[PDB]
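Report on the structure given below.
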Amino acid sequence: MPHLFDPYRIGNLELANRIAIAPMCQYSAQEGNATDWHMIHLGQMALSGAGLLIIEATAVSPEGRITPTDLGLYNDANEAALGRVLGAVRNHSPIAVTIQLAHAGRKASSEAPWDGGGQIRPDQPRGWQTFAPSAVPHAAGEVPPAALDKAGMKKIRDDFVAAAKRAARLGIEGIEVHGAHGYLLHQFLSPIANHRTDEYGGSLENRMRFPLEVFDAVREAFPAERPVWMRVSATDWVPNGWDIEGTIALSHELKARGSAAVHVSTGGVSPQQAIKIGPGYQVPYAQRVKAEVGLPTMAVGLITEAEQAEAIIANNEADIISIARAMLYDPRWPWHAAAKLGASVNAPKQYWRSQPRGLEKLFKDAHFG
Amino acid sequence: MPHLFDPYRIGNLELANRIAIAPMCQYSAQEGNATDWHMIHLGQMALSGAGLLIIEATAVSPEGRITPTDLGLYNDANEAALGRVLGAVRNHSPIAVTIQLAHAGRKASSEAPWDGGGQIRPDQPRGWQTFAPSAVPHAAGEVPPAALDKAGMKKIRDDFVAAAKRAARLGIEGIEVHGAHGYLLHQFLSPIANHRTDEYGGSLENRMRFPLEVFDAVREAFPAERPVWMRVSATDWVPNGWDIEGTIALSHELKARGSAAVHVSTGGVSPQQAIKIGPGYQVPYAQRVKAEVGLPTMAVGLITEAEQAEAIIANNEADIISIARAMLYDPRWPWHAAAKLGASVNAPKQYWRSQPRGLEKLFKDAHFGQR
Ligand SMILES: Cc1cc2nc3c(=O)[nH]c(=O)nc-3n(C[C@H](O)[C@H](O)[C@H](O)COP(=O)(O)O)c2cc1C
C-alpha cells in the first residue's frame with residue numbers, strides 16, 4: 001500500500017517522501033555561473049519539504065547550453081558559483097540535491113522563452129555553432145547543426161565525465177542524465193533527428209548506442225554509491241519517431257547498466273508533435289515503463305493536486321511524482337499536500353509559526369519550549 | 001470604490017496594489033548581520049507580487065535587539081550585509097522595499113521562538129542589560145530594565161537617526177518606526193510600563209512625547225520625499241494601559257508631524273472575533289483610525305483568503321492591508337489572490353510558465369515562445 005508520503009529510496013539515496021521537484025531551467029546564469037537568482041530560487045525550492053530536488057538542465061559545455069543564460073558546470077567558476085548556492089541550501093534544508101546534466105545539441109544557441117525562444121545564429125553576437133547526430137535542423141529554415149564526428153562525440157563524453165566529477169566534488173547527491181526533450185541524446189534516439197548511416201544511426205541498437213555510452217561514462221565517473229539515472233521522452237508524438245517501444249528498450253538497457261531510476265517525460269524533438277495535453281497525460285508512459293522494467297520510475301506532467309499525486313502512487317503508476325509548474329506556482333506544494341493527506345514534512349524553523357492552527361504535526365521537529 | 005488590486009501611494013512611493021508584506025522577525029542574523037537566509041526569504045517575499053515589502057524589526061543598537069539573532073542596522077557590517085540582500089532584490093523585483101526600525105526596550109535580550117522566547121539575563125551567555133521608560137519588568141521575576149535617563153534617551157534618538165541614514169544610503173524607500181508590540185516606544189506610550197514622573201510619563205501628552213521625538217528625528221533625517229510612518233497598537237487588552245483613544249490622538253499627531261501613514265495592529269481582536277460584533281468590521285480599530293484621522297491607514301490583517309482582504313479594502317476599513325503568516329505559508333499569496341479577484345500581478349519572467357491551465361493573463365506583460 002504505497003503512499004505519496006512514504007519514505008523512498010533511489011539507489012542508496014534515501015528520500016523523505018515520493019515528491020521530486022522536476023528540473024526547471026531558469027535561464028538566469030552568466031557564462032554558466034549561478035547568480036543571486038539561483039540562491040533565491042533553489043533556496044526557496046529547498047524549503048518546500050519535497051524529498052528530492054533536481055537542479056535544472058546544467059550544460060556540460062558552453063556549446064551544449066540551450067540558451068546563453070543556461071546554468072553550466074563546465075569550468076571552475078561555474079563550480080564555485082554553484083557551490084555558493086548549494087552551501088545556502090544545505091544550511092537551511094535536508095532535501096536531497098541532485099542535478100540534471102545536459103547538452104542541447106541542435107536546440108542549443110536559443111533565446112530564453114521570454115524572448116521568444118528563437119534560434120540565435122552563430123554569426124550573431126550571442127550565438128554559436130551547434131552539433132547533432134546529423135546536419136539537419138530542428139525546424140525548417142534554421143541554421144543547421146554540424147554532424148558530430150568521432151572527436152566531437154568523444155568531447156561530449158569527456159565533458160559529461162568532467163561535469164559529473166565537479167558535481168561529485170560539490171557534494172551533489174545524484175545525476176539525472178538528460179535524454180529527453182529533443183536535446184542531444186534524444187536527437188540520437190529519434191529517427192526524426194538522426195539520419196546517420198554509421199553505427200550511431202539506423203537501427204534501434206545503433207540509435208541507443210551514444211546515449212548509453214554517455215550514461216555509462218557518467219555512471220563510471222560519479223561515485224558508485226550515489227545514484228545516476230536518465231530522463232527520457234517516451235514518445236515524439238510524431239508518426240515513425242521515437243516511441244514507447246524504444247523507451248522500454250532503452251529503459252531495460254539503463255537498468256542493466258546500473259541506472260537508479262528512469263524519469264519519464266515526452267516530446268521535444270519535432271515542431272510537428274501532436275501532443276494530447278491534459279492532467280496526468282504522461283502517466284500512462286510511466287506506468288508501462290514501471291511495469292515492464294521495474295526501476296524506480298518518476299512520472300511528471302500536469303500533476304497539480306495532492307489527491308491526484310497520491311492516486312498515481314496508490315495505483316502503482318509511478319514510484320516518484322515529479323512536479324514543475326505547480327512548484328513554481330506554490331513552492332509550499334508539499335506542505336500543502338501533507339496538510340491535505342495527514343503527513344509531515346521538513347521545514348525551516350523560521351517558518352514553523354506559519355501553518356494554520358490544527359496542523360501541529362505538519363512540520364517535523366518543530367518546537368517552542 | 002476601492003479594491004485590493006488598485007494601485008496606491010504612500011508619500012511619493014507608488015504601490016502596485018494594496019497588499020503589504022508585514023515585517024516578520026526571522027531571528028536569523030549574526031551580530032545584526034543579514035545572512036543567506038535573508039537573501040532566500042526577502043528574495044521570495046520581493047517576488048510575490050505584493051505592492052509593499054516591510055523588512056523585519058531592525059535593531060537600532062545591539063541593546064535594542066529582541067534576541068541575539070535579530071537583524072540590525074547599527075554598524076557598517078550590518079549595512080553591507082543588508083545591502084547584499086537588497087542588491088539581489090533590485091536585480092529581480094519592482095516591489096517597494098521599506099524597513100521597520102525597532103528597539104525592544106524591556107523586551108530585549110530574549111530567546112528566539114524555537115528556543116522558548118524567555119529572557120536571557122544580563123549575566124548569562126548572550127544576555128544584556130535592557131532599557132525602558134521605568135524599572136519594571138514585562139513579567140514578574142524577570143530581570144528589570146534600567147530606567148532610561150536623559151543621556152539614554154538621547155542615545156536612542158540618535159541611534160534611530162543613524163539607522164535611518166543607513167537605510168536611506170541603502171536605497172530603502174521608507175521607514176516604519178515601531179511603536180507597537182510592547183516594545184520600547186509602546187512602553188513609553190503605556191501607563192503599564194511607564195511610571196515616569198518627569199515630562200515623559202503621566203499624562204497622554206507626556207507619554208506620546210518620546211515616541212513623537214523619535215518619529216520626528218527619523219522624519220528629519222530620512223530623505224523628505226520618502227515616506228516615514230509609525231506602527232501603533234490599536235489598544236491593550238487590559239485596562240489603564242494604551243487604548244483606542246490614545247491611538248487616535250497619536251495618529252492625529254503623526255499626521256500633523258508629516259507621517260505618511262499609520263499602521264494599526266489589531267489590538268488583540270482578530271477578524272473571527274470582530275466580525276461577530278457591531279457593524280462586523282474585520283479590523284474595527286483600523287476602520288475607526290482611518291475614518292477619524294484620514295491618514296493612509298495600513299491595517300494588520302490576520303486573514304488567509306483573498307475575499308477577506310478585498311472586503312477590508314472595499315468596506316473602507318483600511319487603505320493597505322498587511323499580511324504576515326499567510327505570506328509565509330503561501331509566498332505566492334498575491335498571485336493566488338489576483339487569480340481569485342480577476343487581477344494581475346508582477347511576477348518574475350523566470351516563473352511566467354507557472355500559470356495554471358485554467359488562467360490567462362495573470363502575469364503582467366508575460367510572453368513565451370520555444371523552438
Ligand atoms: C520553466 C521551466 C523550465 C524547465 N526546465 C527543464 C529542464 O531544465 N530540464 C527538463 O528536463 N525539463 C524541464 N522542464 C520540464 C519540466 O521538468 C516538466 O517535465 C514539465 O514542466 C511538466 O511538468 P509540470 O506539468 O509539473 O510543469 C521545464 C519546465 C518549465 C515550465
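Within each chain, counting starts at residue 1; across the C-alpha cells, chains are named A, B, ... in the order shown, with ligands numbered 1 upward in that order.
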Practice item. Pick out the chain B residues within 6 Å of chain A. Count only C-alpha atoms. Give them as a ChimeraX atom specification. Key: /B:26,40,43,113-116,325,328-329,350,354,367-371
Can I get the residues of chain B within 10 Å of ligand 1, each with the closest pair of atoms and their distance in Å to one decimal, using only C-alpha atoms and all ligand atoms, sorted chain first then ascending number, as a Markdown table?
```
| residue | atom | partner | partner_atom_place_in_ligand_line | distance |
| --- | --- | --- | --- | --- |
| B:349 | CA | ligand 1 | 1 (C) | 9.3 |
| B:350 | CA | ligand 1 | 1 (C) | 6.4 |
| B:351 | CA | ligand 1 | 1 (C) | 6.2 |
| B:352 | CA | ligand 1 | 1 (C) | 7.6 |
| B:353 | CA | ligand 1 | 31 (C) | 5.2 |
| B:354 | CA | ligand 1 | 31 (C) | 6.3 |
| B:355 | CA | ligand 1 | 31 (C) | 9.4 |
| B:356 | CA | ligand 1 | 25 (O) | 9.3 |
| B:357 | CA | ligand 1 | 25 (O) | 9.7 |
```
Using the selection just defined, write its residues with N, CA, C and O atoms as a PDB file, in the first residue's frame.
```
ATOM      1  N   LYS B 349       9.888  36.943 -14.769  1.00  0.00           N
ATOM      2  CA  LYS B 349       9.804  36.219 -16.050  1.00  0.00           C
ATOM      3  C   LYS B 349      10.171  34.759 -15.926  1.00  0.00           C
ATOM      4  O   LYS B 349       9.689  33.929 -16.688  1.00  0.00           O
ATOM      5  N   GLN B 350      11.096  34.434 -15.009  1.00  0.00           N
ATOM      6  CA  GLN B 350      11.521  33.032 -14.822  1.00  0.00           C
ATOM      7  C   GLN B 350      10.364  32.093 -14.435  1.00  0.00           C
ATOM      8  O   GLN B 350      10.456  30.857 -14.603  1.00  0.00           O
ATOM      9  N   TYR B 351       9.277  32.675 -13.888  1.00  0.00           N
ATOM     10  CA  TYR B 351       8.142  31.920 -13.402  1.00  0.00           C
ATOM     11  C   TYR B 351       6.869  32.132 -14.208  1.00  0.00           C
ATOM     12  O   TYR B 351       5.814  31.601 -13.850  1.00  0.00           O
ATOM     13  N   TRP B 352       6.968  32.807 -15.338  1.00  0.00           N
ATOM     14  CA  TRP B 352       5.763  33.090 -16.147  1.00  0.00           C
ATOM     15  C   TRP B 352       5.013  31.821 -16.664  1.00  0.00           C
ATOM     16  O   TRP B 352       3.773  31.806 -16.808  1.00  0.00           O
ATOM     17  N   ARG B 353       5.739  30.742 -16.842  1.00  0.00           N
ATOM     18  CA  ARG B 353       5.132  29.473 -17.293  1.00  0.00           C
ATOM     19  C   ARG B 353       4.387  28.735 -16.202  1.00  0.00           C
ATOM     20  O   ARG B 353       3.722  27.757 -16.501  1.00  0.00           O
ATOM     21  N   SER B 354       4.468  29.197 -14.960  1.00  0.00           N
ATOM     22  CA  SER B 354       3.774  28.556 -13.851  1.00  0.00           C
ATOM     23  C   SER B 354       2.274  28.732 -13.804  1.00  0.00           C
ATOM     24  O   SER B 354       1.629  28.079 -12.988  1.00  0.00           O
ATOM     25  N   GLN B 355       1.751  29.642 -14.597  1.00  0.00           N
ATOM     26  CA  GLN B 355       0.337  29.987 -14.577  1.00  0.00           C
ATOM     27  C   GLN B 355      -0.467  28.700 -14.810  1.00  0.00           C
ATOM     28  O   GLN B 355      -0.195  27.991 -15.758  1.00  0.00           O
ATOM     29  N   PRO B 356      -1.435  28.393 -13.947  1.00  0.00           N
ATOM     30  CA  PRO B 356      -2.247  27.193 -14.194  1.00  0.00           C
ATOM     31  C   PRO B 356      -3.028  27.245 -15.496  1.00  0.00           C
ATOM     32  O   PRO B 356      -3.335  28.319 -15.982  1.00  0.00           O
ATOM     33  N   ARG B 357      -3.323  26.059 -16.028  1.00  0.00           N
ATOM     34  CA  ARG B 357      -4.105  25.881 -17.267  1.00  0.00           C
ATOM     35  C   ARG B 357      -5.380  26.703 -17.281  1.00  0.00           C
ATOM     36  O   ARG B 357      -5.702  27.334 -18.287  1.00  0.00           O
TER      37      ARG B 357
END
```
Point to revise | Best match for closeness to residue B:199 among B:108, B:12, B:175, B:133, counting only C-alpha atoms | key: B:133
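Using only C-alpha atoms, the contacts of residue A:226 at a cut-off of 7 Å, with sequence neighbours closer than 5 positions omitted, comprise residues 12, 13, 173 and 174 of chain A.
Using only C-alpha atoms, the contacts of residue B:203 at a cut-off of 12 Å, with sequence neighbours closer than 4 positions omitted, comprise residues 188, 189, 190, 191, 194, 195, 196, 197, 198, 199, 207, 208, 209, 241, 242 and 246 of chain B.
Going from atom CA of residue A:105 to atom CA of residue A:64 covers 6.1 Å.
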Practice item. Pick out the residues sitting within 12 Å of residue B:338, and hand them over as a PyMOL selection string; count only C-alpha atoms, and ignore anything fewer than 6 positions along from it in its own chain. Key: chain B and resi 3-6+17-19+48-50+305-307+309-310+332+344-347+355+359-364
Atoms kept (N, CA, C and O atoms) for selection, written as a compact mmCIF listing (two decimals), in the first residue's frame:
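Writing done, so here's result-v6.txt:
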```
# COMPACT_ATOMS: atom_id res chain seq x y z
N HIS B 3 -10.46 48.71 -4.42
CA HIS B 3 -10.21 47.25 -4.48
C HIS B 3 -8.80 46.91 -4.04
O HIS B 3 -7.91 47.75 -4.15
N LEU B 4 -8.61 45.66 -3.61
CA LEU B 4 -7.29 45.17 -3.19
C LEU B 4 -6.17 45.41 -4.22
O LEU B 4 -5.04 45.80 -3.87
N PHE B 5 -6.52 45.17 -5.49
CA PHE B 5 -5.57 45.33 -6.57
C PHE B 5 -5.57 46.69 -7.25
O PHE B 5 -4.92 46.83 -8.26
N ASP B 6 -6.14 47.73 -6.63
CA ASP B 6 -5.90 49.08 -7.08
C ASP B 6 -4.50 49.52 -6.73
O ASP B 6 -4.02 49.24 -5.62
N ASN B 17 -0.33 47.57 -5.65
CA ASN B 17 -1.61 47.17 -5.11
C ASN B 17 -1.62 47.46 -3.61
O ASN B 17 -0.69 48.05 -3.14
N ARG B 18 -2.69 47.08 -2.91
CA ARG B 18 -2.86 47.44 -1.52
C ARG B 18 -2.33 46.39 -0.56
O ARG B 18 -2.57 46.49 0.64
N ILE B 19 -1.55 45.41 -1.09
CA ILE B 19 -1.01 44.32 -0.28
C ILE B 19 0.37 44.67 0.22
O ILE B 19 1.24 44.98 -0.57
N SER B 48 6.76 38.19 -4.79
CA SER B 48 5.41 37.76 -4.54
C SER B 48 4.30 38.49 -5.27
O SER B 48 3.17 38.04 -5.21
N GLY B 49 4.64 39.62 -5.89
CA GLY B 49 3.66 40.50 -6.50
C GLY B 49 2.92 41.41 -5.57
O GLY B 49 2.03 42.17 -6.01
N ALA B 50 3.25 41.40 -4.28
CA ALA B 50 2.68 42.40 -3.36
C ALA B 50 3.20 43.78 -3.76
O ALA B 50 4.26 43.93 -4.40
N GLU B 305 -7.65 34.56 3.25
CA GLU B 305 -8.37 34.49 1.95
C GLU B 305 -8.42 35.82 1.23
O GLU B 305 -8.61 36.87 1.84
N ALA B 306 -8.32 35.77 -0.11
CA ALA B 306 -8.40 36.95 -0.93
C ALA B 306 -9.66 37.76 -0.65
O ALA B 306 -9.59 38.99 -0.57
N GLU B 307 -10.77 37.04 -0.49
CA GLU B 307 -12.08 37.65 -0.29
C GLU B 307 -12.11 38.43 1.02
O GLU B 307 -12.75 39.47 1.08
N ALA B 309 -9.41 39.96 2.43
CA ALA B 309 -8.65 41.18 2.18
C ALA B 309 -9.40 42.19 1.30
O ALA B 309 -9.42 43.37 1.59
N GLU B 310 -10.02 41.71 0.22
CA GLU B 310 -10.81 42.56 -0.66
C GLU B 310 -11.88 43.30 0.16
O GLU B 310 -12.08 44.52 0.00
N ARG B 332 3.37 33.01 -2.62
CA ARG B 332 2.69 33.47 -3.80
C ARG B 332 1.26 33.98 -3.51
O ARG B 332 0.43 34.11 -4.46
N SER B 344 -4.19 41.14 -12.01
CA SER B 344 -2.91 40.65 -12.47
C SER B 344 -1.83 41.16 -11.55
O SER B 344 -2.04 42.07 -10.76
N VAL B 345 -0.67 40.53 -11.64
CA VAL B 345 0.42 40.79 -10.73
C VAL B 345 1.71 40.80 -11.53
O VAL B 345 1.78 40.19 -12.59
N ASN B 346 2.71 41.47 -10.99
CA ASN B 346 4.08 41.37 -11.48
C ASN B 346 4.72 40.12 -10.95
O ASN B 346 4.80 39.95 -9.75
N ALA B 347 5.14 39.25 -11.85
CA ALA B 347 5.83 38.04 -11.46
C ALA B 347 7.14 38.04 -12.28
O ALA B 347 7.19 38.56 -13.38
N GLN B 355 1.75 29.64 -14.60
CA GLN B 355 0.34 29.99 -14.58
C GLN B 355 -0.47 28.70 -14.81
O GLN B 355 -0.20 27.99 -15.76
N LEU B 359 -6.12 29.59 -16.00
CA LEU B 359 -6.00 31.04 -16.00
C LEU B 359 -5.33 31.53 -17.25
O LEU B 359 -4.59 30.79 -17.90
N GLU B 360 -5.56 32.80 -17.55
CA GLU B 360 -4.88 33.53 -18.62
C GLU B 360 -4.66 34.94 -18.11
O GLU B 360 -5.49 35.44 -17.33
N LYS B 361 -3.56 35.57 -18.53
CA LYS B 361 -3.28 36.98 -18.22
C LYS B 361 -3.05 37.31 -16.75
O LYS B 361 -3.15 38.46 -16.37
N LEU B 362 -2.75 36.30 -15.93
CA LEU B 362 -2.45 36.53 -14.50
C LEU B 362 -1.22 37.41 -14.34
O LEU B 362 -1.16 38.31 -13.46
N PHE B 363 -0.20 37.12 -15.15
CA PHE B 363 1.05 37.81 -15.02
C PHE B 363 1.14 38.97 -16.01
O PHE B 363 0.98 38.77 -17.21
N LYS B 364 1.45 40.16 -15.50
CA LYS B 364 1.51 41.36 -16.34
C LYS B 364 2.59 41.24 -17.41
O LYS B 364 3.74 40.92 -17.10
```
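Remark: for residue B:82, the closest of the candidate residues B:53, B:326, B:167, B:277 is B:167 (distances computed over only C-alpha atoms).
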Check your understanding: Could you write out, as JSON, numbers by chain, all the residues of stretch 8-212 of chain A that DSSP marks as alpha helix (DSSP H)?
Key -> {"A": [36, 37, 38, 39, 40, 41, 42, 43, 44, 45, 46, 76, 77, 78, 79, 80, 81, 82, 83, 84, 85, 86, 87, 88, 89, 90, 91, 92, 150, 151, 152, 153, 154, 155, 156, 157, 158, 159, 160, 161, 162, 163, 164, 165, 166, 167, 168, 169, 184, 185, 186, 187, 188, 189, 204, 205, 206, 207, 208, 209, 210, 211, 212]}
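Ranking A:267, A:179, A:301, A:284 by their shortest atom-to-atom distance to residue A:57, with only C-alpha atoms included, puts A:179 first.
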Skip residue B:81 itself and residues of its chain fewer than 2 positions away, then list as a PDB file with N, CA and C atoms, in the first residue's frame all residues within 6 Å of it, counting only C-alpha atoms.
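Okay, this is what ended up in part-v7.pdb:
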```pdb
ATOM      1  N   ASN B  33      23.970  41.183  11.446  1.00  0.00           N
ATOM      2  CA  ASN B  33      24.193  40.998  10.028  1.00  0.00           C
ATOM      3  C   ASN B  33      23.240  40.017   9.352  1.00  0.00           C
ATOM      4  N   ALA B  34      22.629  40.469   8.270  1.00  0.00           N
ATOM      5  CA  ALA B  34      21.855  39.594   7.428  1.00  0.00           C
ATOM      6  C   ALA B  34      22.712  38.447   6.942  1.00  0.00           C
ATOM      7  N   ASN B  78      26.615  45.547   9.384  1.00  0.00           N
ATOM      8  CA  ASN B  78      25.152  45.357   9.256  1.00  0.00           C
ATOM      9  C   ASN B  78      24.667  45.942   7.933  1.00  0.00           C
ATOM     10  N   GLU B  79      25.161  47.131   7.633  1.00  0.00           N
ATOM     11  CA  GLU B  79      24.755  47.859   6.411  1.00  0.00           C
ATOM     12  C   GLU B  79      25.165  47.104   5.152  1.00  0.00           C
ATOM     13  N   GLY B  83      22.754  45.355   2.400  1.00  0.00           N
ATOM     14  CA  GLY B  83      22.965  45.854   1.042  1.00  0.00           C
ATOM     15  C   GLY B  83      23.120  44.721   0.035  1.00  0.00           C
ATOM     16  N   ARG B  84      23.792  43.629   0.431  1.00  0.00           N
ATOM     17  CA  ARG B  84      23.927  42.463  -0.472  1.00  0.00           C
ATOM     18  C   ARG B  84      22.574  41.847  -0.803  1.00  0.00           C
TER      19      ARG B  84
END
```
